[PDB]
>>> print(open('coords.pdb').read())   # PDB, C-alpha atoms
ATOM      1  CA  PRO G  64     -71.213  32.540  35.330
ATOM      2  CA  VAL G  65     -68.751  30.443  33.296
ATOM      3  CA  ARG G  66     -68.458  28.535  30.030
ATOM      4  CA  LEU G  67     -67.798  24.804  29.750
ATOM      5  CA  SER G  68     -66.361  22.351  27.233
ATOM      6  CA  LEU G  69     -65.003  18.845  26.707
ATOM      7  CA  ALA G  70     -61.481  17.522  27.216
ATOM      8  CA  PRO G  71     -59.735  14.137  27.442
ATOM      9  CA  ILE G  72     -58.517  13.284  30.917
ATOM     10  CA  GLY G  73     -54.922  14.476  30.872
ATOM     11  CA  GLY G  74     -55.148  17.109  28.178
ATOM     12  CA  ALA G  75     -56.314  20.540  27.397
ATOM     13  CA  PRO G  76     -59.904  21.566  26.588
ATOM     14  CA  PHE G  77     -61.029  21.009  23.025
ATOM     15  CA  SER G  78     -61.941  23.906  20.772
ATOM     16  CA  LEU G  79     -65.610  24.724  20.316
ATOM     17  CA  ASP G  80     -65.250  24.658  16.533
ATOM     18  CA  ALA G  81     -63.519  21.341  15.791
ATOM     19  CA  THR G  82     -65.409  18.093  15.386
ATOM     20  CA  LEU G  83     -65.152  14.962  17.477
ATOM     21  CA  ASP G  84     -63.441  13.461  14.434
ATOM     22  CA  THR G  85     -60.801  16.074  13.570
ATOM     23  CA  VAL G  86     -59.932  16.434  17.254
ATOM     24  CA  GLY G  87     -59.399  12.708  17.346
ATOM     25  CA  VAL G  88     -61.980  10.891  19.458
ATOM     26  CA  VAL G  89     -61.877   7.108  19.435
ATOM     27  CA  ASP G  90     -65.198   5.383  20.037
ATOM     28  CA  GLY G  91     -65.114   4.703  23.770
ATOM     29  CA  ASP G  92     -62.695   7.160  25.363
ATOM     30  CA  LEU G  93     -63.435   8.978  28.621
ATOM     31  CA  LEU G  94     -63.841  12.734  28.163
ATOM     32  CA  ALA G  95     -64.071  15.217  31.000
ATOM     33  CA  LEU G  96     -66.254  18.313  31.320
ATOM     34  CA  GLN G  97     -63.790  21.118  32.049
ATOM     35  CA  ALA G  98     -64.009  24.866  31.611
ATOM     36  CA  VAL G  99     -62.902  27.058  28.707
ATOM     37  CA  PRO G 100     -59.220  27.670  29.539
ATOM     38  CA  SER G 101     -58.944  31.091  31.138
ATOM     39  CA  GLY G 102     -58.670  34.785  30.607
ATOM     40  CA  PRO G 103     -55.825  37.103  31.547
ATOM     41  CA  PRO G 104     -54.619  36.825  35.142
ATOM     42  CA  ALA G 105     -55.050  40.597  35.493
ATOM     43  CA  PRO G 106     -51.546  41.632  36.601
ATOM     44  CA  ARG G 107     -51.291  43.793  39.682
ATOM     45  CA  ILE G 108     -49.390  47.068  39.521
ATOM     46  CA  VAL G 109     -47.557  48.797  42.377
ATOM     47  CA  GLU G 110     -45.478  51.906  41.837
ATOM     48  CA  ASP G 111     -43.618  52.445  45.103
ATOM     49  CA  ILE G 112     -40.554  50.268  44.748
ATOM     50  CA  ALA G 113     -40.468  49.890  48.531
ATOM     51  CA  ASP G 114     -43.660  47.862  48.721
ATOM     52  CA  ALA G 115     -42.700  46.166  45.481
ATOM     53  CA  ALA G 116     -40.440  44.022  47.651
ATOM     54  CA  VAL G 117     -42.876  43.033  50.377
ATOM     55  CA  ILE G 118     -45.856  42.425  48.089
ATOM     56  CA  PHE G 119     -44.375  40.308  45.337
ATOM     57  CA  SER G 120     -42.410  38.098  47.734
ATOM     58  CA  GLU G 121     -45.080  36.513  49.931
ATOM     59  CA  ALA G 122     -45.638  33.752  47.358
ATOM     60  CA  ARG G 123     -42.761  31.690  48.722
ATOM     61  CA  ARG G 124     -43.773  29.800  51.900
ATOM     62  CA  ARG G 125     -41.038  31.667  53.698
ATOM     63  CA  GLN G 126     -42.320  31.788  57.284
ATOM     64  CA  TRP G 127     -39.792  30.418  59.749
ATOM     65  CA  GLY G 128     -42.398  28.634  61.840
ATOM     66  CA  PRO G 129     -42.032  25.910  64.442
ATOM     67  CA  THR G 130     -41.684  23.226  61.808
ATOM     68  CA  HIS G 131     -38.543  24.390  60.048
ATOM     69  CA  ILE G 132     -37.041  23.725  63.462
ATOM     70  CA  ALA G 133     -38.347  20.172  63.709
ATOM     71  CA  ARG G 134     -36.591  19.214  60.479
ATOM     72  CA  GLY G 135     -33.756  21.281  61.889
ATOM     73  CA  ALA G 136     -33.050  19.243  64.997
ATOM     74  CA  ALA G 137     -33.320  15.749  63.515
ATOM     75  CA  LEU G 138     -31.031  16.651  60.626
ATOM     76  CA  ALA G 139     -28.479  17.869  63.146
ATOM     77  CA  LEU G 140     -28.755  14.647  65.107
ATOM     78  CA  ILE G 141     -28.217  12.187  62.256
ATOM     79  CA  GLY G 142     -24.984  14.024  61.623
ATOM     80  CA  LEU G 143     -23.903  13.729  65.230
ATOM     81  CA  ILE G 144     -24.366   9.960  65.313
ATOM     82  CA  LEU G 145     -22.570   9.353  62.029
ATOM     83  CA  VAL G 146     -19.421  11.305  62.796
ATOM     84  CA  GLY G 147     -19.672  10.196  66.408
ATOM     85  CA  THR G 148     -19.298   6.622  65.202
ATOM     86  CA  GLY G 149     -16.708   7.253  62.517
ATOM     87  CA  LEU G 150     -14.411   9.095  64.898
ATOM     88  CA  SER G 151     -14.145   6.175  67.314
ATOM     89  CA  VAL G 152     -13.615   3.622  64.539
ATOM     90  CA  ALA G 153     -10.969   5.871  63.029
ATOM     91  CA  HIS G 154      -9.680   5.903  66.595
ATOM     92  CA  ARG G 155      -9.818   2.125  66.228
ATOM     93  CA  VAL G 156      -8.688   1.080  62.723
ATOM     94  CA  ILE G 157      -5.742   3.384  61.903
ATOM     95  CA  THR G 158      -4.592   3.284  65.506
ATOM     96  CA  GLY G 159      -5.672   0.777  68.142
TER
ATOM     97  CA  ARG K 101     -40.622  60.514  56.033
ATOM     98  CA  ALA K 102     -41.034  57.105  57.622
ATOM     99  CA  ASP K 103     -44.283  58.498  58.998
ATOM    100  CA  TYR K 104     -45.776  59.752  55.759
ATOM    101  CA  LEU K 105     -44.886  56.942  53.366
ATOM    102  CA  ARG K 106     -46.129  54.521  56.051
ATOM    103  CA  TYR K 107     -49.411  56.513  55.758
ATOM    104  CA  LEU K 108     -49.568  56.528  51.908
ATOM    105  CA  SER K 109     -48.876  52.730  51.936
ATOM    106  CA  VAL K 110     -52.107  52.171  53.989
ATOM    107  CA  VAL K 111     -53.974  54.507  51.548
ATOM    108  CA  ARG K 112     -52.399  52.943  48.404
ATOM    109  CA  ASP K 113     -53.745  49.528  49.567
ATOM    110  CA  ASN K 114     -57.108  51.215  50.421
ATOM    111  CA  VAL K 115     -57.648  53.018  47.053
ATOM    112  CA  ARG K 116     -56.523  49.814  45.235
ATOM    113  CA  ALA K 117     -59.473  47.999  46.905
ATOM    114  CA  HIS K 118     -62.042  50.410  45.359
ATOM    115  CA  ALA K 119     -60.759  49.466  41.891
ATOM    116  CA  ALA K 120     -61.295  45.760  42.474
ATOM    117  CA  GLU K 121     -64.905  46.707  43.158
ATOM    118  CA  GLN K 122     -65.651  48.459  39.882
ATOM    119  CA  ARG K 123     -63.834  45.740  37.987
ATOM    120  CA  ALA K 124     -66.019  43.287  39.869
ATOM    121  CA  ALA K 125     -69.150  45.204  38.919
ATOM    122  CA  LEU K 126     -68.361  46.170  35.328
ATOM    123  CA  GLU K 127     -67.393  42.583  34.711
ATOM    124  CA  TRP K 128     -70.509  41.304  36.472
ATOM    125  CA  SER K 129     -72.693  42.887  33.793
ATOM    126  CA  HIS K 130     -70.572  42.558  30.611
ATOM    127  CA  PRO K 131     -68.917  39.145  30.422
ATOM    128  CA  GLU K 132     -66.764  38.212  27.463
ATOM    129  CA  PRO K 133     -68.599  37.366  24.244
ATOM    130  CA  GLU K 134     -68.671  33.708  25.088
ATOM    131  CA  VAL K 135     -70.323  33.774  28.509
ATOM    132  CA  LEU K 136     -73.456  35.267  26.984
ATOM    133  CA  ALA K 137     -74.361  31.848  25.605
ATOM    134  CA  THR K 138     -75.341  30.626  29.072
ATOM    135  CA  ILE K 139     -77.202  33.865  29.888
ATOM    136  CA  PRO K 140     -80.489  33.292  27.995
ATOM    137  CA  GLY K 141     -81.483  29.932  29.447
ATOM    138  CA  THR K 142     -80.869  30.814  33.082
ATOM    139  CA  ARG K 143     -82.985  32.939  35.415
ATOM    140  CA  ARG K 144     -81.040  36.172  34.960
ATOM    141  CA  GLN K 145     -81.350  36.598  31.227
ATOM    142  CA  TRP K 146     -83.368  39.779  30.683
ATOM    143  CA  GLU K 147     -82.549  41.250  34.056
ATOM    144  CA  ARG K 148     -81.901  44.824  32.968
ATOM    145  CA  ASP K 149     -84.742  47.355  33.421
ATOM    146  CA  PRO K 150     -84.815  51.022  32.264
TER
ATOM    147  CA  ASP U   9     -45.724  76.936  60.692
ATOM    148  CA  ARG U  10     -43.612  74.076  59.204
ATOM    149  CA  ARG U  11     -46.888  72.140  58.512
ATOM    150  CA  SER U  12     -46.003  68.917  60.438
ATOM    151  CA  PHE U  13     -47.765  65.576  59.680
ATOM    152  CA  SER U  14     -49.029  63.992  62.964
ATOM    153  CA  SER U  15     -48.664  60.158  62.699
ATOM    154  CA  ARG U  16     -51.936  58.610  61.366
ATOM    155  CA  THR U  17     -53.162  55.030  60.585
ATOM    156  CA  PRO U  18     -56.539  54.076  58.945
ATOM    157  CA  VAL U  19     -57.815  50.533  58.058
ATOM    158  CA  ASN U  20     -57.183  48.126  55.105
ATOM    159  CA  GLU U  21     -60.417  46.340  53.944
ATOM    160  CA  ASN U  22     -58.524  44.047  51.473
ATOM    161  CA  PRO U  23     -56.104  41.031  51.385
ATOM    162  CA  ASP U  24     -52.831  42.679  52.625
ATOM    163  CA  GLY U  25     -54.355  43.902  55.938
ATOM    164  CA  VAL U  26     -53.312  41.058  58.314
ATOM    165  CA  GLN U  27     -49.894  39.894  56.970
ATOM    166  CA  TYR U  28     -46.714  41.164  58.750
ATOM    167  CA  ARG U  29     -45.796  38.992  61.851
ATOM    168  CA  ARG U  30     -42.793  41.272  62.607
ATOM    169  CA  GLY U  31     -41.758  41.375  66.294
ATOM    170  CA  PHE U  32     -39.501  44.418  66.875
ATOM    171  CA  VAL U  33     -39.671  46.471  70.132
ATOM    172  CA  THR U  34     -39.834  50.173  69.065
ATOM    173  CA  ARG U  35     -38.340  52.909  71.248
ATOM    174  CA  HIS U  36     -41.767  53.922  72.533
ATOM    175  CA  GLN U  37     -42.562  50.420  73.721
ATOM    176  CA  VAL U  38     -39.400  50.118  75.758
ATOM    177  CA  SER U  39     -40.007  53.544  77.267
ATOM    178  CA  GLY U  40     -43.549  52.563  78.174
ATOM    179  CA  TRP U  41     -42.417  49.339  79.765
ATOM    180  CA  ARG U  42     -39.791  51.137  81.830
ATOM    181  CA  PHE U  43     -42.405  53.585  83.032
ATOM    182  CA  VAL U  44     -45.029  50.998  83.893
ATOM    183  CA  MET U  45     -42.644  48.879  85.883
ATOM    184  CA  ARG U  46     -41.482  51.982  87.703
ATOM    185  CA  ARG U  47     -45.045  52.936  88.573
ATOM    186  CA  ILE U  48     -45.903  49.500  89.905
ATOM    187  CA  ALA U  49     -42.637  49.124  91.795
ATOM    188  CA  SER U  50     -43.578  52.467  93.353
ATOM    189  CA  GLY U  51     -46.984  51.237  94.420
ATOM    190  CA  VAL U  52     -45.772  48.534  96.745
ATOM    191  CA  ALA U  53     -43.113  50.581  98.528
ATOM    192  CA  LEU U  54     -44.637  54.055  98.682
ATOM    193  CA  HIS U  55     -48.334  53.139  98.730
ATOM    194  CA  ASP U  56     -49.239  56.025  96.473
ATOM    195  CA  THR U  57     -48.825  56.205  92.719
ATOM    196  CA  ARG U  58     -49.191  59.851  91.770
ATOM    197  CA  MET U  59     -45.547  59.523  90.684
ATOM    198  CA  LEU U  60     -44.540  63.101  91.518
ATOM    199  CA  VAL U  61     -41.121  62.232  92.970
ATOM    200  CA  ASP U  62     -39.622  58.777  92.624
ATOM    201  CA  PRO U  63     -36.810  58.047  95.088
ATOM    202  CA  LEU U  64     -36.376  54.359  94.208
ATOM    203  CA  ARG U  65     -34.916  55.081  90.783
ATOM    204  CA  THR U  66     -32.902  57.774  92.542
ATOM    205  CA  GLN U  67     -31.274  55.151  94.755
ATOM    206  CA  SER U  68     -30.588  52.831  91.851
ATOM    207  CA  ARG U  69     -29.070  55.534  89.663
ATOM    208  CA  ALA U  70     -26.948  56.611  92.633
ATOM    209  CA  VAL U  71     -25.402  53.180  92.959
ATOM    210  CA  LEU U  72     -24.958  53.143  89.191
ATOM    211  CA  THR U  73     -23.111  56.476  89.323
ATOM    212  CA  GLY U  74     -20.865  55.007  91.984
ATOM    213  CA  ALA U  75     -20.058  52.127  89.649
ATOM    214  CA  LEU U  76     -19.334  54.408  86.689
ATOM    215  CA  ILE U  77     -17.035  56.738  88.625
ATOM    216  CA  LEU U  78     -15.332  53.590  89.905
ATOM    217  CA  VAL U  79     -14.518  52.376  86.395
ATOM    218  CA  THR U  80     -13.530  55.892  85.291
ATOM    219  CA  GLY U  81     -10.963  56.263  88.068
ATOM    220  CA  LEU U  82      -9.818  52.702  87.411
ATOM    221  CA  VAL U  83      -8.804  53.428  83.835
ATOM    222  CA  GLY U  84      -7.647  56.991  84.595
ATOM    223  CA  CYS U  85      -5.061  55.471  86.895
ATOM    224  CA  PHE U  86      -4.454  52.588  84.482
ATOM    225  CA  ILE U  87      -3.176  55.267  82.085
ATOM    226  CA  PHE U  88      -0.958  56.429  84.961
ATOM    227  CA  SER U  89       0.947  53.282  83.974
TER
ATOM    228  CA  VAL J  33     -27.313  69.515  45.804
ATOM    229  CA  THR J  34     -28.803  70.461  49.159
ATOM    230  CA  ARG J  35     -28.589  68.135  52.139
ATOM    231  CA  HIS J  36     -32.326  67.465  51.980
ATOM    232  CA  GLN J  37     -31.636  66.000  48.559
ATOM    233  CA  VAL J  38     -28.987  63.691  50.002
ATOM    234  CA  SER J  39     -30.641  63.223  53.388
ATOM    235  CA  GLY J  40     -33.451  61.892  51.239
ATOM    236  CA  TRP J  41     -31.406  59.559  49.078
ATOM    237  CA  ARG J  42     -29.766  57.474  51.787
ATOM    238  CA  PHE J  43     -33.187  57.100  53.364
ATOM    239  CA  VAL J  44     -34.895  55.618  50.337
ATOM    240  CA  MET J  45     -31.966  53.325  49.631
ATOM    241  CA  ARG J  46     -32.392  52.099  53.178
ATOM    242  CA  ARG J  47     -36.147  51.696  52.981
ATOM    243  CA  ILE J  48     -35.464  49.417  50.030
ATOM    244  CA  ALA J  49     -32.982  47.305  51.989
ATOM    245  CA  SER J  50     -35.329  46.785  54.917
ATOM    246  CA  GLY J  51     -37.744  45.812  52.185
ATOM    247  CA  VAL J  52     -35.875  42.765  50.960
ATOM    248  CA  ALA J  53     -34.444  41.439  54.223
ATOM    249  CA  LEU J  54     -37.015  42.365  56.841
ATOM    250  CA  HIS J  55     -40.191  42.176  54.756
ATOM    251  CA  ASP J  56     -41.812  45.248  56.216
ATOM    252  CA  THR J  57     -41.492  48.836  55.116
ATOM    253  CA  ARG J  58     -42.765  50.521  58.255
ATOM    254  CA  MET J  59     -39.150  51.335  59.159
ATOM    255  CA  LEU J  60     -40.092  51.955  62.776
ATOM    256  CA  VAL J  61     -36.786  50.463  63.927
ATOM    257  CA  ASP J  62     -34.149  48.912  61.680
ATOM    258  CA  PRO J  63     -31.452  46.591  63.025
ATOM    259  CA  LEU J  64     -29.661  46.647  59.679
ATOM    260  CA  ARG J  65     -28.597  50.203  60.444
ATOM    261  CA  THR J  66     -27.249  49.130  63.825
ATOM    262  CA  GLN J  67     -25.512  46.266  62.035
ATOM    263  CA  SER J  68     -23.814  48.934  59.958
ATOM    264  CA  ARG J  69     -22.592  51.387  62.584
ATOM    265  CA  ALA J  70     -21.544  48.622  64.985
ATOM    266  CA  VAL J  71     -19.031  47.040  62.637
ATOM    267  CA  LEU J  72     -18.212  50.560  61.522
ATOM    268  CA  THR J  73     -17.249  51.952  64.919
ATOM    269  CA  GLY J  74     -14.955  49.013  65.650
ATOM    270  CA  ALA J  75     -12.931  50.425  62.804
ATOM    271  CA  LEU J  76     -12.723  53.848  64.445
ATOM    272  CA  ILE J  77     -11.616  52.574  67.859
ATOM    273  CA  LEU J  78      -8.838  51.018  65.826
ATOM    274  CA  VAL J  79      -7.875  54.157  63.956
ATOM    275  CA  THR J  80      -7.846  56.326  67.080
ATOM    276  CA  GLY J  81      -5.856  54.015  69.347
ATOM    277  CA  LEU J  82      -3.693  53.733  66.260
ATOM    278  CA  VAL J  83      -3.171  57.487  66.499
ATOM    279  CA  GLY J  84      -3.112  57.481  70.300
ATOM    280  CA  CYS J  85      -0.309  54.925  70.304
ATOM    281  CA  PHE J  86       1.609  56.513  67.452
ATOM    282  CA  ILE J  87       1.603  59.695  69.537
ATOM    283  CA  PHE J  88       2.533  57.575  72.570
ATOM    284  CA  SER J  89       5.982  57.014  71.054
ATOM    285  CA  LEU J  90       6.127  60.788  70.427
ATOM    286  CA  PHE J  91       7.234  61.646  73.977
TER
END
>>> encode(input="coords.pdb", output="structure tokens")
Amino acid sequence: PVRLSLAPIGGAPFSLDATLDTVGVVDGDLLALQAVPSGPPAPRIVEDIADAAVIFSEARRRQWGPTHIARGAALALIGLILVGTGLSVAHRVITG
Amino acid sequence: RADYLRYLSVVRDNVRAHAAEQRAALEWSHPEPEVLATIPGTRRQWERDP
Amino acid sequence: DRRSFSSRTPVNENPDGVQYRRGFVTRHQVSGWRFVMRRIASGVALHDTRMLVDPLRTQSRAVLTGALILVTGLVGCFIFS
Amino acid sequence: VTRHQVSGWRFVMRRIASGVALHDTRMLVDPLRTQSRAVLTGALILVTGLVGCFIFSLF
């Protein structure tokens, strides 16, 4: 149960009162059939300040997970090679 | 204390569910005064009975 | 009396009813594990598990007491110097 | 101010802390507290052996 309207691709829906002239349609543009924008997002409300920390913090993608470790190892390695090389050459150019 | 609050927290997230029901119902049968344009044509227009 | 509140836990029936993933051994869990492994380990040496008197843990705590009195005397004569 | 009034306070201002670092308010077991008393007691062992050695020169 929703309401629809017209909008140019890349812009916001057009008002239901304006005309296709005063809203600036050129003869041959490609309009899309999107919905009337929105309503309120209906804000939640939690009174216990304790759970006000666990609830409003999930929206982060925080989980440690066995993929923050994948990026972990490789990033450690590329550092090891680089300073592994530079040490020896510094052991090679300033001394011999 | 850690045993009560931990009990109210499971009841505060249980009584907050009931609300999202009424607000689902009351909104199901009184949409904003623009949705009612698409009500007449469709198959649910004069649904209400006495 | 003092009107105590016995620990309770209902359901959730919503969105925040399966999001926690917090692994933390509580005191009860470590007690339960100790007890289970001392009722199995007393089921393959005593061949009965009514658990009325456990002598295995008695032996182990005896050797532990030996160790502790050892270290106590060690330092109590380390203070001697 | 009774103790119940203060025994309460330090408990809520710990339930908050567990809130923002552990992301669960069950408070069944809290390492943060251990983190506190551990580093705390290593101060006491100092202050006592401090006293026990100051008195050691008092023979």
>>> interface_residues(input="coords.pdb", of="chain G", to="chain U", cutoff="10 Å", atoms="only C-alpha atoms", output="count of residues only")
4
>>> interface_residues(input="coords.pdb", of="chain U", to="chain K", cutoff="8 Å", atoms="only C-alpha atoms", output="PyMOL selection string")
chain U and resi 13+15-22+24
>>> write_last_selection(input="coords.pdb", atoms="C-alpha atoms", output="PDB file, in the frame of the given file")
ATOM      1  CA  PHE U  13     -47.765  65.576  59.680  1.00  0.00           C
ATOM      2  CA  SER U  15     -48.664  60.158  62.699  1.00  0.00           C
ATOM      3  CA  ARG U  16     -51.936  58.610  61.366  1.00  0.00           C
ATOM      4  CA  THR U  17     -53.162  55.030  60.585  1.00  0.00           C
ATOM      5  CA  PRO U  18     -56.539  54.076  58.945  1.00  0.00           C
ATOM      6  CA  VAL U  19     -57.815  50.533  58.058  1.00  0.00           C
ATOM      7  CA  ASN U  20     -57.183  48.126  55.105  1.00  0.00           C
ATOM      8  CA  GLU U  21     -60.417  46.340  53.944  1.00  0.00           C
ATOM      9  CA  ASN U  22     -58.524  44.047  51.473  1.00  0.00           C
ATOM     10  CA  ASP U  24     -52.831  42.679  52.625  1.00  0.00           C
TER      11      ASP U  24
END
>>> atom_distance(input="coords.pdb", atom1="CA of residue 105 in chain K", atom2="CA of residue 58 in chain J")
8.3 Å
>>> interface_residues(input="coords.pdb", of="chain J", to="chain K", cutoff="10 Å", atoms="only C-alpha atoms", output="MDAnalysis selection string")
chainID J and resid 40 43:44 47 57:60
>>> write_last_selection(input="coords.pdb", atoms="C-alpha atoms", output="PDB file, in the frame of the given file")
ATOM      1  CA  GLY J  40     -33.451  61.892  51.239  1.00  0.00           C
ATOM      2  CA  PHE J  43     -33.187  57.100  53.364  1.00  0.00           C
ATOM      3  CA  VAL J  44     -34.895  55.618  50.337  1.00  0.00           C
ATOM      4  CA  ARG J  47     -36.147  51.696  52.981  1.00  0.00           C
ATOM      5  CA  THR J  57     -41.492  48.836  55.116  1.00  0.00           C
ATOM      6  CA  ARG J  58     -42.765  50.521  58.255  1.00  0.00           C
ATOM      7  CA  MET J  59     -39.150  51.335  59.159  1.00  0.00           C
ATOM      8  CA  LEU J  60     -40.092  51.955  62.776  1.00  0.00           C
TER       9      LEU J  60
END
>>> atom_distance(input="coords.pdb", atom1="CA of residue 124 in chain G", atom2="CA of residue 106 in chain G")
20.8 Å
>>> closest_atom_pairs(input="coords.pdb", of="chain G", to="chain K", cutoff="10 Å", atoms="only C-alpha atoms", output="tab-separated table")
residue	atom	partner	partner_atom	distance
G:64	CA	K:135	CA	7.0
G:65	CA	K:135	CA	6.0
G:66	CA	K:135	CA	5.8
G:67	CA	K:135	CA	9.4
G:99	CA	K:134	CA	9.5
G:102	CA	K:132	CA	9.3
G:107	CA	K:116	CA	9.7
G:108	CA	K:116	CA	9.5
G:109	CA	K:112	CA	8.8
G:110	CA	K:112	CA	9.6
G:111	CA	K:109	CA	8.6
G:113	CA	K:109	CA	9.5
G:114	CA	K:109	CA	7.8
>>> closest_residue(input="coords.pdb", among="U:49, U:72, U:60, U:33", to="chain J", atoms="all atoms listed in the file")
U:33
>>> atom_distance(input="coords.pdb", atom1="CA of residue 42 in chain U", atom2="CA of residue 65 in chain U")
10.9 Å
>>> interface_residues(input="coords.pdb", of="chain J", to="chain U", cutoff="9 Å", atoms="only C-alpha atoms", output="VMD selection string")
chain J and resid 54 to 56 60 to 62
>>> interface_residues(input="coords.pdb", of="chain J", to="chain G", cutoff="6 Å", atoms="all atoms listed in the file", output="PyMOL selection string")
chain J and resi 48+51-52+55
>>> closest_residue(input="coords.pdb", among="U:61, U:44, U:87, U:53", to="residue 84 in chain J", atoms="only C-alpha atoms")
U:87
>>> closest_residue(input="coords.pdb", among="U:38, U:23, U:46, U:14", to="residue 63 in chain U", atoms="only C-alpha atoms")
U:46
>>> axis_aligned_box(input="coords.pdb", around="range 24-31 of chain U", padding_each_side="4 Å", output="AutoDock Vina command-line options")
--center_x -48.1 --center_y 41.4 --center_z 59.5 --size_x 20.6 --size_y 12.9 --size_z 21.7
>>> build_atoms(input="coords.pdb", residues="range 37-52 of chain J", atoms="N, CA, C and O atoms", output="PDB file, in the coordinates of the input")
ATOM      1  N   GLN J  37     -31.693  66.886  49.708  1.00  0.00           N
ATOM      2  CA  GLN J  37     -31.636  66.000  48.559  1.00  0.00           C
ATOM      3  C   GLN J  37     -30.812  64.757  48.861  1.00  0.00           C
ATOM      4  O   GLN J  37     -31.121  63.673  48.363  1.00  0.00           O
ATOM      5  N   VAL J  38     -29.767  64.879  49.676  1.00  0.00           N
ATOM      6  CA  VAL J  38     -28.987  63.691  50.002  1.00  0.00           C
ATOM      7  C   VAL J  38     -29.519  63.023  51.262  1.00  0.00           C
ATOM      8  O   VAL J  38     -29.556  61.792  51.354  1.00  0.00           O
ATOM      9  N   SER J  39     -29.951  63.811  52.245  1.00  0.00           N
ATOM     10  CA  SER J  39     -30.641  63.223  53.388  1.00  0.00           C
ATOM     11  C   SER J  39     -31.817  62.381  52.931  1.00  0.00           C
ATOM     12  O   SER J  39     -32.193  61.413  53.596  1.00  0.00           O
ATOM     13  N   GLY J  40     -32.419  62.739  51.801  1.00  0.00           N
ATOM     14  CA  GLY J  40     -33.451  61.892  51.239  1.00  0.00           C
ATOM     15  C   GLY J  40     -32.892  60.605  50.675  1.00  0.00           C
ATOM     16  O   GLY J  40     -33.387  59.520  50.982  1.00  0.00           O
ATOM     17  N   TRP J  41     -31.843  60.706  49.861  1.00  0.00           N
ATOM     18  CA  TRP J  41     -31.406  59.559  49.078  1.00  0.00           C
ATOM     19  C   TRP J  41     -31.064  58.381  49.967  1.00  0.00           C
ATOM     20  O   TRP J  41     -31.622  57.294  49.802  1.00  0.00           O
ATOM     21  N   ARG J  42     -30.175  58.582  50.936  1.00  0.00           N
ATOM     22  CA  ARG J  42     -29.766  57.474  51.787  1.00  0.00           C
ATOM     23  C   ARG J  42     -30.946  56.888  52.541  1.00  0.00           C
ATOM     24  O   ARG J  42     -30.884  55.752  53.014  1.00  0.00           O
ATOM     25  N   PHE J  43     -32.032  57.644  52.669  1.00  0.00           N
ATOM     26  CA  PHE J  43     -33.187  57.100  53.364  1.00  0.00           C
ATOM     27  C   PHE J  43     -33.994  56.177  52.472  1.00  0.00           C
ATOM     28  O   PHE J  43     -34.508  55.158  52.937  1.00  0.00           O
ATOM     29  N   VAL J  44     -34.146  56.516  51.199  1.00  0.00           N
ATOM     30  CA  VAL J  44     -34.895  55.618  50.337  1.00  0.00           C
ATOM     31  C   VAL J  44     -34.090  54.365  50.064  1.00  0.00           C
ATOM     32  O   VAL J  44     -34.631  53.257  50.050  1.00  0.00           O
ATOM     33  N   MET J  45     -32.783  54.507  49.866  1.00  0.00           N
ATOM     34  CA  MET J  45     -31.966  53.325  49.631  1.00  0.00           C
ATOM     35  C   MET J  45     -31.648  52.603  50.931  1.00  0.00           C
ATOM     36  O   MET J  45     -30.775  51.731  50.963  1.00  0.00           O
ATOM     37  N   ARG J  46     -32.314  52.980  52.022  1.00  0.00           N
ATOM     38  CA  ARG J  46     -32.392  52.099  53.178  1.00  0.00           C
ATOM     39  C   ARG J  46     -33.771  51.489  53.294  1.00  0.00           C
ATOM     40  O   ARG J  46     -33.901  50.324  53.667  1.00  0.00           O
ATOM     41  N   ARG J  47     -34.807  52.249  52.967  1.00  0.00           N
ATOM     42  CA  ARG J  47     -36.147  51.696  52.981  1.00  0.00           C
ATOM     43  C   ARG J  47     -36.283  50.548  52.004  1.00  0.00           C
ATOM     44  O   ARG J  47     -37.088  49.643  52.227  1.00  0.00           O
ATOM     45  N   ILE J  48     -35.501  50.560  50.930  1.00  0.00           N
ATOM     46  CA  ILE J  48     -35.464  49.417  50.030  1.00  0.00           C
ATOM     47  C   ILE J  48     -34.823  48.219  50.707  1.00  0.00           C
ATOM     48  O   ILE J  48     -35.337  47.101  50.623  1.00  0.00           O
ATOM     49  N   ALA J  49     -33.688  48.425  51.375  1.00  0.00           N
ATOM     50  CA  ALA J  49     -32.982  47.305  51.989  1.00  0.00           C
ATOM     51  C   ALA J  49     -33.846  46.610  53.025  1.00  0.00           C
ATOM     52  O   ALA J  49     -34.075  45.402  52.935  1.00  0.00           O
ATOM     53  N   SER J  50     -34.353  47.356  54.002  1.00  0.00           N
ATOM     54  CA  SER J  50     -35.329  46.785  54.917  1.00  0.00           C
ATOM     55  C   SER J  50     -36.436  46.064  54.181  1.00  0.00           C
ATOM     56  O   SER J  50     -36.998  45.106  54.716  1.00  0.00           O
ATOM     57  N   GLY J  51     -36.746  46.488  52.969  1.00  0.00           N
ATOM     58  CA  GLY J  51     -37.744  45.812  52.185  1.00  0.00           C
ATOM     59  C   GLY J  51     -37.389  44.373  51.916  1.00  0.00           C
ATOM     60  O   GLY J  51     -38.217  43.490  52.128  1.00  0.00           O
ATOM     61  N   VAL J  52     -36.163  44.103  51.466  1.00  0.00           N
ATOM     62  CA  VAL J  52     -35.875  42.765  50.960  1.00  0.00           C
ATOM     63  C   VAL J  52     -35.300  41.830  52.005  1.00  0.00           C
ATOM     64  O   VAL J  52     -35.193  40.630  51.743  1.00  0.00           O
TER      65      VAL J  52
END
